[PDB]
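Note: the block below is structure_32.cif and it holds mmCIF, N, CA and C atoms.
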data_final
#
loop_
_atom_site.label_atom_id
_atom_site.label_comp_id
_atom_site.auth_asym_id
_atom_site.auth_seq_id
_atom_site.Cartn_x
_atom_site.Cartn_y
_atom_site.Cartn_z
N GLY A 304 79.83 43.64 23.29
CA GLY A 304 79.52 43.09 21.96
C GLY A 304 78.57 41.90 22.05
N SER A 305 77.28 42.20 22.30
CA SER A 305 76.25 41.19 22.49
C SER A 305 75.81 40.60 21.14
N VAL A 306 75.23 39.40 21.20
CA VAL A 306 74.60 38.74 20.06
C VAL A 306 73.21 38.26 20.49
N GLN A 307 72.23 38.42 19.59
CA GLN A 307 70.83 38.16 19.88
C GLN A 307 70.19 37.53 18.63
N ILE A 308 70.03 36.20 18.64
CA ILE A 308 69.52 35.45 17.50
C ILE A 308 68.19 34.82 17.90
N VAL A 309 67.09 35.35 17.35
CA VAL A 309 65.75 34.86 17.61
C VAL A 309 65.25 34.09 16.38
N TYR A 310 65.30 32.75 16.45
CA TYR A 310 64.94 31.86 15.36
C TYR A 310 63.53 31.35 15.60
N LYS A 311 62.53 32.02 15.01
CA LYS A 311 61.12 31.76 15.29
C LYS A 311 60.37 31.59 13.97
N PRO A 312 60.58 30.48 13.23
CA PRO A 312 59.77 30.21 12.04
C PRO A 312 58.40 29.63 12.42
N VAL A 313 57.40 29.90 11.58
CA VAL A 313 56.05 29.38 11.78
C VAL A 313 55.62 28.66 10.50
N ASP A 314 55.19 27.40 10.65
CA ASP A 314 54.69 26.58 9.56
C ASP A 314 53.26 26.18 9.89
N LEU A 315 52.28 26.77 9.19
CA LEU A 315 50.90 26.33 9.28
C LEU A 315 50.48 25.66 7.97
N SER A 316 51.41 24.95 7.32
CA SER A 316 51.20 24.49 5.95
C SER A 316 50.42 23.17 5.94
N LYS A 317 49.69 22.90 4.86
CA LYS A 317 49.05 21.60 4.72
C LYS A 317 49.33 20.99 3.34
N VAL A 318 49.74 19.71 3.35
CA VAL A 318 49.85 18.87 2.17
C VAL A 318 48.71 17.86 2.21
N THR A 319 47.76 17.97 1.28
CA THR A 319 46.50 17.25 1.35
C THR A 319 46.26 16.54 0.03
N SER A 320 45.51 15.45 0.09
CA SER A 320 45.10 14.69 -1.08
C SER A 320 43.71 14.12 -0.83
N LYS A 321 42.92 14.07 -1.89
CA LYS A 321 41.61 13.46 -1.86
C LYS A 321 41.45 12.68 -3.15
N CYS A 322 40.87 11.50 -3.05
CA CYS A 322 40.85 10.58 -4.16
C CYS A 322 39.61 9.70 -4.03
N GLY A 323 38.95 9.36 -5.13
CA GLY A 323 37.88 8.37 -5.10
C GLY A 323 38.43 6.95 -4.98
N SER A 324 37.82 5.99 -5.68
CA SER A 324 38.36 4.63 -5.66
C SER A 324 39.70 4.62 -6.38
N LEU A 325 40.63 3.80 -5.89
CA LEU A 325 41.94 3.65 -6.46
C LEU A 325 42.08 2.17 -6.73
N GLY A 326 42.20 1.78 -8.00
CA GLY A 326 42.23 0.36 -8.26
C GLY A 326 42.11 -0.05 -9.72
N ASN A 327 42.03 -1.36 -9.94
CA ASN A 327 42.10 -1.95 -11.26
C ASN A 327 43.47 -1.63 -11.86
N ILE A 328 44.52 -2.07 -11.17
CA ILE A 328 45.90 -1.82 -11.55
C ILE A 328 46.56 -3.18 -11.78
N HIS A 329 47.18 -3.37 -12.96
CA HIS A 329 47.78 -4.64 -13.37
C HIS A 329 49.22 -4.40 -13.79
N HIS A 330 50.15 -5.08 -13.12
CA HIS A 330 51.57 -4.98 -13.40
C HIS A 330 52.03 -6.40 -13.71
N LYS A 331 52.26 -6.68 -14.99
CA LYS A 331 52.68 -7.99 -15.43
C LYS A 331 54.00 -7.95 -16.17
N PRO A 332 55.12 -7.82 -15.44
CA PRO A 332 56.43 -7.87 -16.09
C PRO A 332 56.67 -9.21 -16.77
N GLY A 333 57.31 -9.17 -17.94
CA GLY A 333 57.86 -10.37 -18.56
C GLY A 333 59.11 -10.81 -17.80
N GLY A 334 59.31 -12.12 -17.67
CA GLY A 334 60.48 -12.71 -17.05
C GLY A 334 61.82 -12.23 -17.59
N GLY A 335 62.86 -12.59 -16.84
CA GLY A 335 64.20 -12.08 -17.02
C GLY A 335 65.18 -13.24 -17.13
N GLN A 336 66.21 -13.04 -17.92
CA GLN A 336 67.39 -13.87 -17.89
C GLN A 336 68.56 -12.93 -17.68
N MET A 337 69.35 -13.20 -16.66
CA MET A 337 70.35 -12.27 -16.18
C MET A 337 71.64 -13.02 -15.88
N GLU A 338 72.77 -12.55 -16.40
CA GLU A 338 74.09 -13.07 -16.08
C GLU A 338 74.98 -11.91 -15.63
N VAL A 339 75.40 -11.88 -14.35
CA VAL A 339 76.35 -10.90 -13.82
C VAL A 339 77.66 -11.60 -13.53
N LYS A 340 78.76 -11.02 -14.01
CA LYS A 340 80.10 -11.32 -13.54
C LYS A 340 80.75 -10.03 -13.09
N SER A 341 81.21 -9.99 -11.83
CA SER A 341 81.85 -8.83 -11.23
C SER A 341 83.17 -9.28 -10.60
N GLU A 342 84.30 -8.65 -10.97
CA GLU A 342 85.62 -9.18 -10.63
C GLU A 342 86.23 -8.42 -9.46
N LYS A 343 86.43 -7.10 -9.56
CA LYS A 343 87.17 -6.35 -8.53
C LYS A 343 86.47 -5.04 -8.21
N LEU A 344 85.58 -5.07 -7.23
CA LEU A 344 84.77 -3.92 -6.87
C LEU A 344 85.33 -3.35 -5.57
N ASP A 345 85.38 -2.01 -5.48
CA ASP A 345 85.93 -1.31 -4.33
C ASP A 345 85.07 -0.09 -4.06
N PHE A 346 84.08 -0.23 -3.17
CA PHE A 346 83.18 0.87 -2.83
C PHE A 346 83.51 1.36 -1.42
N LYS A 347 83.43 2.68 -1.21
CA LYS A 347 83.61 3.26 0.12
C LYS A 347 82.91 4.62 0.21
N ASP A 348 82.51 5.01 1.42
CA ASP A 348 82.03 6.35 1.73
C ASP A 348 80.75 6.65 0.95
N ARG A 349 79.65 6.09 1.45
CA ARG A 349 78.27 6.33 1.03
C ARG A 349 78.08 6.15 -0.48
N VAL A 350 78.41 4.93 -0.93
CA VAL A 350 78.09 4.43 -2.26
C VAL A 350 76.75 3.69 -2.22
N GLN A 351 75.98 3.83 -3.30
CA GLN A 351 74.69 3.18 -3.45
C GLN A 351 74.61 2.61 -4.86
N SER A 352 74.79 1.29 -5.01
CA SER A 352 74.96 0.66 -6.31
C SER A 352 73.93 -0.44 -6.54
N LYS A 353 73.59 -0.63 -7.82
CA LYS A 353 72.90 -1.82 -8.31
C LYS A 353 73.70 -2.37 -9.48
N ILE A 354 73.90 -3.69 -9.52
CA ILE A 354 74.42 -4.28 -10.73
C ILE A 354 73.74 -5.62 -11.02
N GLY A 355 73.20 -5.74 -12.25
CA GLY A 355 72.51 -6.93 -12.70
C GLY A 355 71.30 -7.29 -11.84
N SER A 356 70.64 -6.27 -11.31
CA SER A 356 69.55 -6.53 -10.38
C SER A 356 68.26 -6.38 -11.17
N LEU A 357 67.22 -7.17 -10.84
CA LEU A 357 65.91 -6.90 -11.42
C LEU A 357 64.86 -6.73 -10.34
N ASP A 358 64.24 -5.54 -10.33
CA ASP A 358 63.30 -5.14 -9.31
C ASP A 358 61.96 -4.84 -9.98
N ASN A 359 60.94 -5.63 -9.63
CA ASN A 359 59.56 -5.41 -10.02
C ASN A 359 58.80 -4.82 -8.83
N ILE A 360 58.30 -3.58 -8.94
CA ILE A 360 57.61 -2.92 -7.84
C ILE A 360 56.23 -2.46 -8.30
N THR A 361 55.20 -2.80 -7.50
CA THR A 361 53.89 -2.17 -7.55
C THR A 361 53.67 -1.44 -6.23
N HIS A 362 53.64 -0.10 -6.27
CA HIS A 362 53.47 0.75 -5.11
C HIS A 362 52.22 1.60 -5.28
N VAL A 363 51.20 1.40 -4.44
CA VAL A 363 49.90 2.03 -4.65
C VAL A 363 49.41 2.59 -3.31
N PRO A 364 49.98 3.72 -2.86
CA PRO A 364 49.56 4.34 -1.60
C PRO A 364 48.24 5.08 -1.79
N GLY A 365 47.38 5.02 -0.79
CA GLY A 365 46.15 5.78 -0.80
C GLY A 365 46.42 7.28 -0.79
N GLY A 366 47.51 7.71 -0.13
CA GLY A 366 47.94 9.09 -0.10
C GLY A 366 49.29 9.27 -0.79
N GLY A 367 50.35 8.82 -0.12
CA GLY A 367 51.69 8.93 -0.64
C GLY A 367 52.24 10.36 -0.66
N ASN A 368 51.68 11.25 0.17
CA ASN A 368 52.13 12.63 0.25
C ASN A 368 53.32 12.71 1.19
N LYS A 369 54.25 13.65 0.94
CA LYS A 369 55.41 13.75 1.80
C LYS A 369 55.86 15.19 2.01
N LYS A 370 56.08 15.53 3.28
CA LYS A 370 56.60 16.82 3.70
C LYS A 370 57.99 16.59 4.29
N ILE A 371 59.01 17.27 3.76
CA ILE A 371 60.35 17.25 4.32
C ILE A 371 60.71 18.67 4.75
N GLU A 372 61.37 18.77 5.91
CA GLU A 372 61.63 20.04 6.56
C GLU A 372 62.94 19.94 7.34
N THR A 373 63.90 20.81 7.04
CA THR A 373 65.16 20.84 7.77
C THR A 373 65.38 22.24 8.29
N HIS A 374 65.56 22.37 9.62
CA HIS A 374 66.01 23.60 10.24
C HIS A 374 67.44 23.40 10.71
N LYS A 375 68.26 24.44 10.55
CA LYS A 375 69.67 24.35 10.89
C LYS A 375 70.18 25.72 11.31
N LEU A 376 70.82 25.77 12.48
CA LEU A 376 71.42 26.98 13.02
C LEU A 376 72.85 26.64 13.40
N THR A 377 73.80 27.43 12.90
CA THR A 377 75.22 27.18 13.12
C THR A 377 75.83 28.49 13.61
N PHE A 378 76.53 28.41 14.75
CA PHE A 378 77.13 29.56 15.41
C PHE A 378 78.61 29.28 15.62
N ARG A 379 79.48 30.22 15.19
CA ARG A 379 80.92 30.12 15.38
C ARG A 379 81.46 31.46 15.88
N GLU A 380 81.78 31.52 17.18
CA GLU A 380 82.42 32.69 17.77
C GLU A 380 83.91 32.68 17.40
#
Would you encode the structure as structure tokens?
Amino acid sequence: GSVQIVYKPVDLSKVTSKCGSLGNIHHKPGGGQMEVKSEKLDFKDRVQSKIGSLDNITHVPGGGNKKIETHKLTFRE
């Protein structure tokens, strides 16, 4: 009772971007007034939280392209 698993994927893929000038970008958030009170917090096992947070972000990548790839082989005799 033989088993023969040939896992041979081929990826010749391309994620490409072309762009002229990138610019003249203005991000002017108005100021914040923030009051947080937190009494009894209990986080466990891959929690990702924000409370009363203020985040101003300007993100301007020339490319910003992304390729994600997961291969997975699971064998159980």
Query raised in the report: With only C-alpha atoms as the basis for distance, which of A:377, A:324, A:316, A:307 is at the shortest distance from residue A:364?
Result: A:324
Query raised in the report: Any idea what's packed within 8 Å of residue A:332, counting all atoms listed in the file, ignoring anything in its chain fewer than 3 positions away? Could you give it as a list in words?
Result: residues 329, 335 and 359 of chain A
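Around stretch 347-358 of chain A, within 7 Å and counting all atoms listed in the file, the residues found are residues 337, 338 and 339 of chain A, once anything fewer than 5 positions away on its own chain is removed.
Remark: for residue A:367, the closest of the candidate residues A:328, A:334, A:379, A:322 is A:322 (distances computed over only C-alpha atoms).
With atom C of residue A:373 on one side and atom CA of residue A:321 on the other, the separation reads 27.3 Å.
One distance worth recording is that between atom CA of residue A:310 and atom CA of residue A:370, which is 20.8 Å.
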Query - Separation of atom CA of residue A:368 from atom N of residue A:311, in Å and rounded to one decimal - result: 26.5 Å
